[PDB]
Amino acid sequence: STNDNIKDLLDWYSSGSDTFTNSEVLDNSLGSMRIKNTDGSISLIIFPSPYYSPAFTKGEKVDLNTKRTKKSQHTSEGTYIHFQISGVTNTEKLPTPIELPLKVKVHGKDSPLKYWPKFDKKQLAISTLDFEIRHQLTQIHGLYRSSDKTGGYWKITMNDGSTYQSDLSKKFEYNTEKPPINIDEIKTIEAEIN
């Protein structure tokens, strides 16, 4: 029914994601970051976008809401190394968790909301909002599980006017990814499957 391209997407968005708080920066380089988590694992996260180059200095606490690219490895010394991409932010929290408003429209009709989260962080990376949204669409609305639901777009619109979006027919454009944004400044989140 669907093609390999759409199958790969579904595998991507139907796998999980690592969530970690107050991790610590071991080293920050150009295009990369090495960090240690509260559970003792090291992460090697790559940042390929010139528009989103984390400026955390060694010693700082950070948050992870990232996706792995390779299979993590248990080393000879038993240290656990994760191979993730994008998704580092500051440990700031909002005094209370806010209700992000997601609006989906499947083939014209405004579809009901199910499973949709509520976040407590001041800021989240966009690729994160991308995995949270699209994952919702795959489980609940059938995105990538049928030939007739393999496209469309999500579009976050900020309070200041500025917007961000992604085409559901391709994987998130990691290399042109902007820096994290304040989820408390998101006015509306739209999604549309076609």
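Start at 1 with the first residue shown and count on from there.
On average the C-alpha atoms of 66-74 have higher B-factors than those of the other stretch, with 66-74 and 126-134 being the two compared. Looking at 139-147 and 47-55 together, the entry lists the larger mean B-factor for 139-147, computed on C-alpha atoms. The PDB entry gives the largest Cα B-factor of the residues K121, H82, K105, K114 to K114.
Among all modelled residues in this chain, the alpha-carbon of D11 has a temperature factor (C-alpha) in the lowest third.
When all modelled residues of the chain are sorted by CA temperature factor, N90 is found within the middle third. The entry lists a Cα temperature factor for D167 that places it in the lowest third of the chain's modelled residues. Annotation for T19: CA B-factor lies in the lowest third of the chain's modelled residues. Among the modelled residues of its chain, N37 has a C-alpha B-factor that falls in the middle third, as given in the PDB entry.
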